[PDB]
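Participant: A single structure is presented below for examination.
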Amino acid sequence: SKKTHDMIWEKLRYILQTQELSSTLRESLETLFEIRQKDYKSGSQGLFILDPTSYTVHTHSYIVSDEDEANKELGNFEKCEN
Amino acid sequence: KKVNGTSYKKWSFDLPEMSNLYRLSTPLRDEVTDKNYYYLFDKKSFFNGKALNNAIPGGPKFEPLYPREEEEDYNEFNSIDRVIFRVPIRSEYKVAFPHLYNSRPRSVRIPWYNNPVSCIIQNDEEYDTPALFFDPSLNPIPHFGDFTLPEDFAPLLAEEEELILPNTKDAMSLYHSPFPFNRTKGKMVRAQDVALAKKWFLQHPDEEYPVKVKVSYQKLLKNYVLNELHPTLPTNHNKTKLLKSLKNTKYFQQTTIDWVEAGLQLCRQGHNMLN
Amino acid sequence: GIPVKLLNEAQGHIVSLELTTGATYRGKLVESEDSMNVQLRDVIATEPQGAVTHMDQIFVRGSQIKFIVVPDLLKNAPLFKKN
Amino acid sequence: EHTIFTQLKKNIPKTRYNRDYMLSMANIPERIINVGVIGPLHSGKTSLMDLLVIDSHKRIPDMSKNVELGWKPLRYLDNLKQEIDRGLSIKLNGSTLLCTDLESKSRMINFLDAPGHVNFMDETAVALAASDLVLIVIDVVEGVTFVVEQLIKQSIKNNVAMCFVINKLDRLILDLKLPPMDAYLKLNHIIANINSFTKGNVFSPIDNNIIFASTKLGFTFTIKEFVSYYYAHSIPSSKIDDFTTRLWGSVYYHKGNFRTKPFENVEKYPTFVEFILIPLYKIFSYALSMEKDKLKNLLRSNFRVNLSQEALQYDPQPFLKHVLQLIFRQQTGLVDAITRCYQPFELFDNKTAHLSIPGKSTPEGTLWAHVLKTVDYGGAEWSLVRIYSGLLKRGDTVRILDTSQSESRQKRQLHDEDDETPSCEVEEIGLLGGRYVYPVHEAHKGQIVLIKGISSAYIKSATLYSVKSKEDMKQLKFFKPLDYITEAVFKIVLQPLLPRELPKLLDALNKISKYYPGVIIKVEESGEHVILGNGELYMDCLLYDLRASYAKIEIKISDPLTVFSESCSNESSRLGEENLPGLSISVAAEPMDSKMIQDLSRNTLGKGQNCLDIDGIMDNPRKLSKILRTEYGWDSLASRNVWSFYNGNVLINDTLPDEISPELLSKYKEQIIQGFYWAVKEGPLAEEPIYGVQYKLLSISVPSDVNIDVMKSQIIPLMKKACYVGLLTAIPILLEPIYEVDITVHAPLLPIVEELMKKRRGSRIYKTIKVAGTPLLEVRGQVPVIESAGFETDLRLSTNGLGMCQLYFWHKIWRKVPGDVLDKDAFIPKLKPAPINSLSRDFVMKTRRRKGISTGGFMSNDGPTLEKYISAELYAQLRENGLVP
Amino acid sequence: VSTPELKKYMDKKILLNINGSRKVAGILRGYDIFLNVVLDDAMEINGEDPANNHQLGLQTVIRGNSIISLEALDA
RNA sequence: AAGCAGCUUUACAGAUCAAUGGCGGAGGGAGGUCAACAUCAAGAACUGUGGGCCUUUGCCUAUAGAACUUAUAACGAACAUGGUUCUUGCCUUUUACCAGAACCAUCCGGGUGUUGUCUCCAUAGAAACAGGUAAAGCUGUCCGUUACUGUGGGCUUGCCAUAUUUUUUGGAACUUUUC
Ligand SMILES: Nc1nc2c(ncn2[C@@H]2O[C@H](COP(=O)(O)OP(=O)(O)OP(=O)(O)O)[C@@H](O)[C@H]2O)c(=O)[nH]1
Ligand SMILES: [Mg+2]
Ligand SMILES: [Mg+2]
């Protein structure tokens with residue numbers, strides 16, 4: 001989703017350059033700009049065990065503005081007549 | 001508007017047509033924009049590789065310019081108990097600073113000291129990226145009723161609102177393009193005077209290429225240096241051309257026919273001339 | 001205007017200024033202003049009645065001056081050309 | 001073969017002004033000002049002088065059609081066949097132009113274009129000494145790199161006003177393609193960077209200190225110039241100076257009112273962006289892309305600029321350069337910034353007090369001038385001189401004194417006669433004009449002219465005076481030897497190939513030592529000539545002028561070598577003796593303090609707005625004992641008995657006959673110091689200079705008779721012998737110089753550089769600066785000079801042209817060579833680099849054989865040993881204790 | 001618009017002639033854009049130097065319109 | 001950048017409708033795989049004109065114009081061949097050759113400037129007259145609007161503040177001697 005992700009970068013770049021920031025936070029934010037030119041090669045290591053067709057693609061398209069039912073209740077004990 | 005006339009000299013184009021010829025020519029384009037890529041590969045360094053009897057590793061190999069190098073002059077000067085060895089003097093050192101590194105430099109032409117370190121940013125992934133854009137890999141810039149003018153005072157160009165025109169992304173790409181793309185005006189050259197494959201052997205080949213081509217890149221450079229080294233200038237008093245003096249004669253007449261007809265006529269004429 | 005610009009050209013040049021009071025101050029020009037008030041160095045002063053003295057430094061208000069004499073060479077100064 | 005120069009008087013290009021009015025402006029010292037353009041490498045300096053010249057001359061014969069269009073820069077001032085081929089300024093060159101500012105007051109200005117390359121930092125020292133103010137031209141992409149940091153610190157030191165040109169603004173948009181708000185931030189980041197280094201004065205575009213320029217496109221402006229052209233009509237005349245104050249500096253404009261905080265409901269940029277950068281980028285955008293007719297309407301409507309019918313049929317880069325030269329006129333705002341920055345009352349007294357001794361102003365009867373350098377200007381040999389007092393005509397006769405004499409001759413002139421100075425005749429005076437000399441009958445006070453007929457009298461600098469009365473000779477001030485910023489360290493030892501061609505070489509070596517000021521040429525006892533230079537490119541410039549220009553013979557040339565220095569790391573019956581026992585000296589040696597050595601390298605002794613220069617460091621012995629006791633914590637006795645500071649070294653009298661008879665010592669003191677100078681110049685290890693050793697005169701014997709003839713001539717070689725005994729006993733070491741490195745590489749190519757620093761021996765990267773707004777970053781590090789042979793091109797071949805380094809010797813960093821110098825068992829492999837523990841033995845043993853001090857068949861090691869100086873019976877006593885190997 | 005440049009003179013004893021006949025010499029403290037000049041320890045010079053001279057006041061200000069010329073007696 | 005005024009024009013109504021003055025006009029415009037003739041590598045370099053010195057040349061000084069080509073140097077962003085000489089290679093003789101050098105040429109091309117020709121398209125003449133060159137209104141005579149207004153366009157313009165100390169909204173007025 002490069003197009004909106006450029007727009008996330010552009011507003012995030014506007015933070016350092018035109019606005020004052022606390023010091024300890026500031027060197028971590030420009031470190032992200034340093035990893036950007038190193039092309040994210042230190043955030044791309046994980047356990048890709050599943051093939052892209054072995055993982056059945058259930059890309060759950062939920063948003064964080066939905067009330068998400070908070071199903072705590074099935075972790076309790078109940079009584080199967082089933 | 002584009003050509004001067006049917007004599008077909010002096011073409012003149014516009015921006016849209018020029019970027020269109022640019023995008024078609026991608027296969028045969030030079031595709032290098034900084035001159036610093038040609039650091040030890042320019043022809044001044046080829047002349048010094050010839051004159052000093054050195055071999056640039058991609059460069060061509062030439063006979064010794066001074067074959068009588070065999071003599072050694074006995075002296076205390078260059079002896080091993082004199083010399084301090086820290087860095088081995090590579091041949092690239094001898095070509096880059098030719099009057100420093102090697103004694104007896106003669107018929108040696110000065111090379112050109114580096115052009116400024118070229119950072120030119122091209123955008124190729126998305127046409128919807130604008131002309132002016134803070135590209136990746138660019139370091140960020142971390143930093144930081146009294147008076148009244150008449151209203152409707154404005155900047156100079158403020159009546160025009162768009163900074164980026166639809167042709168600016170093309171025009172800046174034409175601005176850095178190597179000749180002749182940047183020109184958008186020029187004269188006609190002959191069909192054999194355009195050297196399409198010239199830029200290929202004027203660049204470094206590859207690592208992946210086999211040793212069969214890598215010689216063929218060297219042999220074409222060796223031809224290229226010898227043409228540049230010995231220029232044969234034309235004389236100005238050559239006013240009698242062959243076709244023009246034959247045209248003045250009553251025994252030669254002029255017409256227009258097809259090329260393949262003119263080829264078959266020449267094969268029949270040439271067969272009769274020998275027979 | 002050009003006439004004042006010319007006065008800047010005079011600067012550092014021995015110039016003669018006649019006051020509307022009648023005096024004459026001839027000497028070097030230290031400074032000038034758009035107002036036209038001129039201050040001189042090593043001026044030889046001529047009173048209106050002719051008595052001549054010598055003053056180390058001087059400043060004269062612009063309004064007072066009747067005319068200024070500037071170096072003849074200035075005439076071909078670059079600014080003057082119409083086109 | 002040597003220069004492209006116009007030799008005919010008739011072919012000298014005419015100016016737009018008459019040029020006679022310019023010569024009459026030379027009568028006025030206040031009218032003429034001398035600006036020297038200095039900067040980093042390839043920053044557009046010579047191209048900046050291209051703009052001044054072609055706007056001053058009506059038609060140049062040298063200017064071609066690719067030059068008239070935007071295709072190739074016309075490098076007028078580069079001038080030399082050597083410089084055309086490198087594409088690099090090698091020599092100082094200049095022009096003298098009449099220039100008009102915004103207020104249209106014409107004033108004559110002498111320009112000097114200093115070379116940007118860091119090996120030619122000696123040439124810019126000539127430019128700093130010549131110039132009233134310096135115009136420091138900055139690449140906007142590189143920003144403030146470290147070589148900019150030195151130039152801004154030097155011009156503060158030389159009491160020279162500064163004016164800054166940010167150059168190559170096209171690269172900000174045509175190369176880097178920054179959005180306009182980002183480019184403001186780039187410009188704001190640079191101006192913040194220069195303001196941190198000028199501690200005295202803020203530099204800001206409102207202040208008229210800072211000039212924006214894009215030289216290849218050939219336009220320059222200040223914000224004051226740009227308002228007066230195009231915004232002066234629209235606003236009332238009282239408002240204009242207040243308006244341009246609001247222009248830069250984060251205050252915003254919309255519908256007639258200014259406010260510091262951002263405008264609500266409005267997408268807004270700062271005022272400098274809205275009024276300057278946004279129209280400038282629309283000029284770049286529309287000259288490249290807009291239809292020519294619709295562009296032609298905007299230029300009449302907004303800039304009142306008519307495009308020609310011929311100018312419509314241009315290529316895009318010539319059309320862009322043409323429009324910007326129509327919008328931005330001749331360089332008035334640059335000239336205006338030069339005028340407003342220079343204050344002669346503030347600095348001209350301090351500058352002459354810096355180049356000479358501080359004193360009262362010499363009278364106007366004295367002719368008094370400073371001869372900067374000898375110039376190999378086209379077809380002849382000219383002296384570059386600047387006149388500080390009096391009037392000079394052709395055919396005059398002038399006392400011309402070399403500045404190496406001026407230490408004694410000034411110190412003599414205090415005097416609590418005749419034949420003082422050689423007299424040469426002023427043969428011919430000319431104004432430099434780049435590619436030509438305009439001959440002139442007389443040369444007034446304040447202007448820089450070229451004089452033929454004075455170069456035979458001096459080497460590397462001179463003072464030039466014609467005095468009227470003998471009493472006025474008491475007042476006159478001599479010029480100090482010129483401070484070239486880089487010390488010459490790189491060694492080349494050259495022998496002519498044909499021995500019969502030797503005196504022709506000696507002519508050229510005397511000839512080069514005039515033209516190249518930074519070069520130290522010496523002759524050794526072996527007949528081999530040693531040349532000291534700044535770097536690789538400096539030597540390659542040196543040897544081409546040697547082989548091709550000056551001496552047509554061929555020469556044998558050694559490898560790259562470096563000057564070493566000799567020191568000690570510990571303090572050390574310590575005594576010395578001669579053949580005839582009438583004299584006995586004892587000398588101790590000690591390492592000097594690291595802060596003490598570092599400040600003496602800075603040519604002044606002190607700390608915290610209190611410092612004493614080395615020239616008058618003897619003249620305040622009470623104040624000197626205050627500084628040594630307070631700042632460095634020495635003893636009170638050691639503070640009072642210091643005799644002399646020779647370069648990086650010190651002598652202290654610590655003896656009991658000084659408590660007995662110091663007046664007997666005082667009549668012999670001046671030649672102990674003369675013998676001390678005779679010992680530091682050639683040390684005991686390898687005939688190399690001594691650096692950073694605290695000498696203590698432990699004792700001195702006076703024989704039972706006084707002969708002023710014999711005792712004087714005998715103690716001078718024996719004190720030099722006695723200093724060796726102190727140093728060799730005191731655990732001697734060998735020092736090597738350290739280049740500091742300034743690498744500019746793209747950000748992905750940084751691990752290539754880090755591996756490239758590991759292949760060298762004593763290299764370390766100390767600081768890595770993200771150059772903002774650019775994909776490249778600055779790397780600051782160090783390298784030994786003996787390791788920096790071909791360091792410059794190894795970097796580039798590995799980075800494929802995206803890397804560049806500047807090697808320089810600003811800070812005089814001398815570092816201990818990692819071996820032990822007295823190792824009889826050090827393994828020196830032939831034809832390979834010796835390992836790290838064998839280095840101090842190797843560098844001395846080879847140096848002793850270049851000099852001829854140690855003579856072996858192939859490799860015989862008689863090390864620098866404490867037995868040829870001390871008696872051999874005492875040397876066997878030293879072996880049994882384990883003190884001496 | 002532009003301030004007159006008296007800057008070097010200030011703190012120096014100065015003689016200046018005002019309007020028709022009068023000459024006044026005093027230390028000069030302040031100047032403005034109209035040239036109005038205020039100087040302290042003012043004295044009105046006349047033919048007889050010690051005699052007809054009379055001091056004016058501790059502080060005196062002068063309209064710039066009546067100034068004909070200013071000469072500083074001093075460095 | 002609007003408006004007003006000034007300037008320039010303009011479709012003009014004009015003053016004159018004379019002598020005038022300005023700008024234009026006194027034998028086209030675009031072309032051609034058309035031609036001829038000049039010219040195209042040198043103190044970083046050219047030519048015309050005026051003045052002075054020596055006695056034409058040459059120098060010095062003043063002035064006017066410089067097309068094309070050239071600086072990481074060359075008409076050509078391209079790139080062959082031959083000759084002589086020297087030094088190699090191949091190794092039965094020669095020719096053809098190997099691949100450096102030095103000096104010369106040939107060949108395929110190119111720019112520019114004049115003049116002529118050819119093709120296509122043209123029509124207001126006042127394009128009327130008289131002189132002459134290697135060239136032309138080259139010159140004289142001349143004709144178109146017209147030199148002084150008002151409307152309508154453009155700006156080489158006003159500095160947009162027009163009375164309150166440095167300029168243009170008054171420190172002015174009056175009387176006296178000498179000659
Ligand atoms: N893009 C760009 N390049 C420029 C500009 N000015 C100069 N250059 C180029 O930068 C290089 C160096 O320019 P120079 O004129 O040699 O500058 P310099 O500072 O005199 O250089 P040195 O001789 O090294 O001292 C050349 O290739 C120029 O064409 C500019 O404004 N923009
Ligand atoms: Mg330069
Ligand atoms: Mg036979």
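By order of appearance in the structure tokens: chains A, B, ..., then residues from 1 within every chain, and ligands from 1 in the order shown.
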Got a sec to check which residues lie within 6 Å of ligand 1, using only C-alpha atoms (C1' of nucleotides) and all ligand atoms, and send them as a count of residues only?

Facilitator: 22

Participant: Just the residues within 8 Å of region 324-335 of chain D, please, counting only C-alpha atoms (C1' of nucleotides), with nothing from its chain fewer than 5 positions along; format it as a PDB file with N, CA, C and O atoms, in the first residue's frame.

Facilitator:
ATOM      1  N   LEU D  51      31.268  35.149 -14.422  1.00  0.00           N
ATOM      2  CA  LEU D  51      30.106  36.024 -14.493  1.00  0.00           C
ATOM      3  C   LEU D  51      30.504  37.483 -14.447  1.00  0.00           C
ATOM      4  O   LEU D  51      29.924  38.313 -15.153  1.00  0.00           O
ATOM      5  N   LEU D  52      31.470  37.794 -13.576  1.00  0.00           N
ATOM      6  CA  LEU D  52      31.977  39.182 -13.395  1.00  0.00           C
ATOM      7  C   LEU D  52      32.658  39.670 -14.681  1.00  0.00           C
ATOM      8  O   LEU D  52      32.464  40.850 -15.037  1.00  0.00           O
ATOM      9  N   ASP D  55      30.302  40.084 -17.884  1.00  0.00           N
ATOM     10  CA  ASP D  55      29.456  41.243 -17.697  1.00  0.00           C
ATOM     11  C   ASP D  55      30.256  42.523 -17.598  1.00  0.00           C
ATOM     12  O   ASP D  55      29.664  43.603 -17.543  1.00  0.00           O
ATOM     13  N   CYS D  99      32.922  48.084 -10.792  1.00  0.00           N
ATOM     14  CA  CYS D  99      31.674  47.439 -10.428  1.00  0.00           C
ATOM     15  C   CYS D  99      30.731  48.452  -9.807  1.00  0.00           C
ATOM     16  O   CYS D  99      31.155  49.294  -9.015  1.00  0.00           O
ATOM     17  N   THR D 100      29.453  48.360 -10.151  1.00  0.00           N
ATOM     18  CA  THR D 100      28.438  49.261  -9.629  1.00  0.00           C
ATOM     19  C   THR D 100      27.475  48.470  -8.764  1.00  0.00           C
ATOM     20  O   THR D 100      27.049  47.380  -9.151  1.00  0.00           O
ATOM     21  N   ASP D 101      27.123  49.019  -7.610  1.00  0.00           N
ATOM     22  CA  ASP D 101      26.201  48.359  -6.700  1.00  0.00           C
ATOM     23  C   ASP D 101      24.767  48.788  -6.997  1.00  0.00           C
ATOM     24  O   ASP D 101      24.475  49.369  -8.045  1.00  0.00           O
ATOM     25  N   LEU D 102      23.854  48.484  -6.071  1.00  0.00           N
ATOM     26  CA  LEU D 102      22.453  48.863  -6.237  1.00  0.00           C
ATOM     27  C   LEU D 102      22.275  50.371  -6.197  1.00  0.00           C
ATOM     28  O   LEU D 102      21.445  50.924  -6.925  1.00  0.00           O
ATOM     29  N   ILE D 211      24.577  35.440  -0.144  1.00  0.00           N
ATOM     30  CA  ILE D 211      24.201  35.618  -1.540  1.00  0.00           C
ATOM     31  C   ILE D 211      23.816  34.260  -2.101  1.00  0.00           C
ATOM     32  O   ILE D 211      24.519  33.272  -1.875  1.00  0.00           O
ATOM     33  N   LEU D 217      24.016  28.178 -14.251  1.00  0.00           N
ATOM     34  CA  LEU D 217      22.954  28.963 -14.845  1.00  0.00           C
ATOM     35  C   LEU D 217      23.266  30.445 -14.855  1.00  0.00           C
ATOM     36  O   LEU D 217      22.563  31.198 -15.529  1.00  0.00           O
ATOM     37  N   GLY D 218      24.287  30.874 -14.123  1.00  0.00           N
ATOM     38  CA  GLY D 218      24.797  32.227 -14.268  1.00  0.00           C
ATOM     39  C   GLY D 218      23.883  33.337 -13.807  1.00  0.00           C
ATOM     40  O   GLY D 218      23.754  34.356 -14.493  1.00  0.00           O
ATOM     41  N   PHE D 219      23.231  33.158 -12.675  1.00  0.00           N
ATOM     42  CA  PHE D 219      22.510  34.238 -12.032  1.00  0.00           C
ATOM     43  C   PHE D 219      22.915  34.256 -10.575  1.00  0.00           C
ATOM     44  O   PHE D 219      23.194  33.208  -9.991  1.00  0.00           O
ATOM     45  N   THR D 220      22.945  35.439  -9.986  1.00  0.00           N
ATOM     46  CA  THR D 220      23.134  35.525  -8.554  1.00  0.00           C
ATOM     47  C   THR D 220      22.246  36.631  -8.011  1.00  0.00           C
ATOM     48  O   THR D 220      21.865  37.554  -8.737  1.00  0.00           O
ATOM     49  N   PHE D 221      21.868  36.500  -6.744  1.00  0.00           N
ATOM     50  CA  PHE D 221      21.038  37.514  -6.122  1.00  0.00           C
ATOM     51  C   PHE D 221      21.207  37.477  -4.616  1.00  0.00           C
ATOM     52  O   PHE D 221      21.538  36.442  -4.035  1.00  0.00           O
ATOM     53  N   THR D 222      20.979  38.627  -4.001  1.00  0.00           N
ATOM     54  CA  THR D 222      20.619  38.729  -2.601  1.00  0.00           C
ATOM     55  C   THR D 222      19.123  38.967  -2.538  1.00  0.00           C
ATOM     56  O   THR D 222      18.486  39.275  -3.547  1.00  0.00           O
ATOM     57  N   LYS D 224      17.903  41.421  -0.985  1.00  0.00           N
ATOM     58  CA  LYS D 224      17.776  42.863  -1.119  1.00  0.00           C
ATOM     59  C   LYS D 224      17.776  43.274  -2.579  1.00  0.00           C
ATOM     60  O   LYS D 224      17.050  44.193  -2.972  1.00  0.00           O
ATOM     61  N   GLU D 225      18.588  42.606  -3.393  1.00  0.00           N
ATOM     62  CA  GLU D 225      18.610  42.879  -4.823  1.00  0.00           C
ATOM     63  C   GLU D 225      17.301  42.475  -5.476  1.00  0.00           C
ATOM     64  O   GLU D 225      16.792  43.173  -6.360  1.00  0.00           O
ATOM     65  N   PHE D 226      16.745  41.353  -5.043  1.00  0.00           N
ATOM     66  CA  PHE D 226      15.581  40.785  -5.702  1.00  0.00           C
ATOM     67  C   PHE D 226      14.327  41.593  -5.408  1.00  0.00           C
ATOM     68  O   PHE D 226      13.442  41.704  -6.260  1.00  0.00           O
ATOM     69  N   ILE D 283      10.239  29.600 -12.334  1.00  0.00           N
ATOM     70  CA  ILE D 283      11.098  29.924 -13.466  1.00  0.00           C
ATOM     71  C   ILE D 283      11.794  28.674 -13.984  1.00  0.00           C
ATOM     72  O   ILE D 283      11.867  28.448 -15.198  1.00  0.00           O
ATOM     73  N   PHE D 303       7.885  39.994 -14.937  1.00  0.00           N
ATOM     74  CA  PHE D 303       9.264  40.429 -14.825  1.00  0.00           C
ATOM     75  C   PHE D 303       9.604  41.568 -15.764  1.00  0.00           C
ATOM     76  O   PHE D 303      10.727  42.076 -15.695  1.00  0.00           O
ATOM     77  N   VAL D 305      10.091  41.346 -18.934  1.00  0.00           N
ATOM     78  CA  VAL D 305      11.219  40.775 -19.655  1.00  0.00           C
ATOM     79  C   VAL D 305      10.726  40.270 -21.000  1.00  0.00           C
ATOM     80  O   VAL D 305       9.793  39.462 -21.059  1.00  0.00           O
TER      81      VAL D 305
END

Participant: Let's see if you can do this: from backbone DSSP, list all strand (DSSP E) residues in chain E, as a ChimeraX atom specification.

Facilitator: /E:13-18,22-31,37-45,54-55,59-62,67-72

Participant: Select, as an mmCIF file with C-alpha atoms, in the first residue's frame, those residues of chain D with any atom no more than 6 Å from chain B (distances computed using only C-alpha atoms).

Facilitator:
data_model
loop_
_atom_site.group_PDB
_atom_site.id
_atom_site.type_symbol
_atom_site.label_atom_id
_atom_site.label_comp_id
_atom_site.auth_asym_id
_atom_site.auth_seq_id
_atom_site.Cartn_x
_atom_site.Cartn_y
_atom_site.Cartn_z
ATOM 1 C CA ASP D 85 43.613 19.747 -18.614
ATOM 2 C CA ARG D 86 42.922 19.006 -14.959
ATOM 3 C CA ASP D 175 19.523 17.265 -9.241
ATOM 4 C CA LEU D 176 18.025 16.540 -5.846
ATOM 5 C CA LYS D 177 14.431 17.562 -6.716
ATOM 6 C CA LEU D 178 13.607 18.875 -3.265
ATOM 7 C CA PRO D 179 10.124 20.277 -2.733
ATOM 8 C CA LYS D 255 -3.665 39.380 2.396
ATOM 9 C CA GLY D 256 -1.480 42.209 3.575
ATOM 10 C CA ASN D 257 -0.447 41.252 7.101
ATOM 11 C CA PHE D 275 8.119 35.388 -2.381
ATOM 12 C CA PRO D 279 8.772 32.196 -8.096
ATOM 13 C CA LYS D 282 8.344 28.430 -11.312
ATOM 14 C CA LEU D 288 11.913 23.726 -19.049
ATOM 15 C CA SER D 289 8.315 22.725 -19.604
ATOM 16 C CA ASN D 302 5.580 39.813 -14.162
ATOM 17 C CA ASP D 315 17.961 24.177 -26.258
ATOM 18 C CA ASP D 540 51.845 16.009 -9.774
ATOM 19 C CA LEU D 543 56.624 17.676 -11.498
ATOM 20 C CA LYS D 556 64.551 9.980 -11.615
ATOM 21 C CA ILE D 557 61.979 10.175 -8.828
ATOM 22 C CA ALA D 772 21.185 16.780 5.432
ATOM 23 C CA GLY D 773 18.905 16.848 2.415
ATOM 24 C CA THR D 774 21.390 14.848 0.300
ATOM 25 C CA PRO D 775 21.903 11.110 -0.196
ATOM 26 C CA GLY D 790 47.012 6.457 -3.705
ATOM 27 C CA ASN D 800 32.593 3.825 -8.670
ATOM 28 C CA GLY D 801 33.053 7.566 -8.621
ATOM 29 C CA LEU D 802 30.585 8.237 -5.803
ATOM 30 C CA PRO D 833 55.523 -3.937 4.180
ATOM 31 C CA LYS D 846 65.866 3.479 5.366
ATOM 32 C CA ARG D 849 70.522 5.273 3.993
ATOM 33 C CA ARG D 850 68.796 7.948 1.916
#

Participant: Kindly compile the residues surrounding ligand 3 within 12 Å, counting only C-alpha atoms (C1' of nucleotides) and all ligand atoms, and format them as an MDAnalysis selection string.

Facilitator: chainID F and resid 92:94

Participant: Counting only C-alpha atoms, which residues of chain E fall within 12 Å of chain D, and what is the closest atom pair for each with its distance in Å at one decimal, ordered by chain and rising number, as CSV?

Facilitator:
residue,atom,partner,partner_atom,distance
E:1,CA,D:238,CA,7.4
E:2,CA,D:238,CA,10.3
E:8,CA,D:345,CA,10.8

Participant: Find the distance between CA of residue 156 (chain D) and CA of residue 350 (chain D) and write it in Å to one decimal.

Facilitator: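 Between CA of residue 156 (chain D) and CA of residue 350 (chain D) the gap is 11.4 Å.
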
Participant: Counting only C-alpha atoms, a student should be able to say which residues of chain C come within 6 Å of chain E; what is the right answer, written as a list in words?

Facilitator: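 Every residue meeting the condition is included here: residues 58, 59, 60, 61 and 64 of chain C.
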
Participant: Looking at D:622, D:629, D:796, D:370, which one is nearest to residue 477 (chain D), with distances taken over only C-alpha atoms?

Facilitator: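 Of all the options, D:370 lies closest to residue 477 (chain D).
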
Participant: Could you name the residues that touch residue 844 (chain D) at 9 Å or less, counting only C-alpha atoms (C1' of nucleotides), but leaving out those on the same chain fewer than 2 positions away, as a list in words?

Facilitator: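 Final neighbour list, sorted by chain and number: residues 564, 685, 686, 734, 821, 839, 840, 841, 842, 846, 847, 848, 849, 863 and 864 of chain D.
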
Participant: Near region 85-87 of chain F, within 12 Å and counting only C-alpha atoms (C1' of nucleotides), which residues show up once chain neighbours fewer than 4 positions away are dropped, as a list in words?

Facilitator: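 The neighbour list is residues 63, 64, 65, 66, 67 and 68 of chain B; 99, 100, 101, 102, 103 and 104 of chain F.
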
Participant: Please save C-alpha atoms (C1' of nucleotides) of the selected residues as a PDB file, in the first residue's frame.

Facilitator:
ATOM      1  CA  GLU B  63      52.704  -1.966 -27.973  1.00  0.00           C
ATOM      2  CA  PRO B  64      55.388  -0.217 -25.912  1.00  0.00           C
ATOM      3  CA  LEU B  65      55.631   3.400 -26.956  1.00  0.00           C
ATOM      4  CA  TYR B  66      59.310   3.372 -25.955  1.00  0.00           C
ATOM      5  CA  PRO B  67      60.540  -0.178 -26.606  1.00  0.00           C
ATOM      6  CA  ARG B  68      64.032   0.558 -25.313  1.00  0.00           C
TER       7      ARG B  68
ATOM      8  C1'   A F  99      51.717  -3.048 -34.661  1.00  0.00           C
ATOM      9  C1'   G F 100      54.015   0.723 -32.607  1.00  0.00           C
ATOM     10  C1'   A F 101      56.501   5.518 -34.026  1.00  0.00           C
ATOM     11  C1'   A F 102      57.701   9.992 -36.925  1.00  0.00           C
ATOM     12  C1'   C F 103      56.593  12.896 -41.245  1.00  0.00           C
ATOM     13  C1'   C F 104      53.352  13.315 -45.333  1.00  0.00           C
TER      14        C F 104
END

Participant: F:88, F:166, F:20, F:151: which is nearest chain B, counting only C-alpha atoms (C1' of nucleotides)?

Facilitator: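 Checking each candidate against chain B, we get F:88 as the closest.
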
Participant: As a PyMOL selection string, which residues of chain A does DSSP assign to alpha helix (DSSP H)?

Facilitator: chain A and resi 2-18+23-37

Participant: Should the cut-off be 7 Å, what would the residue list for chain C against chain F look like, counting only C-alpha atoms (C1' of nucleotides), as a list in words?

Facilitator: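 Every residue of chain C that passes the 7 Å test is in residues 35, 61, 62 and 63 of chain C.
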
Participant: Do you know which residues are at most 7 Å from residue 57 (chain D) counting only C-alpha atoms (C1' of nucleotides), after dropping those on the same chain fewer than 3 positions away, and could you put them as a ChimeraX atom specification?

Facilitator: /D:13-16,53-54,60
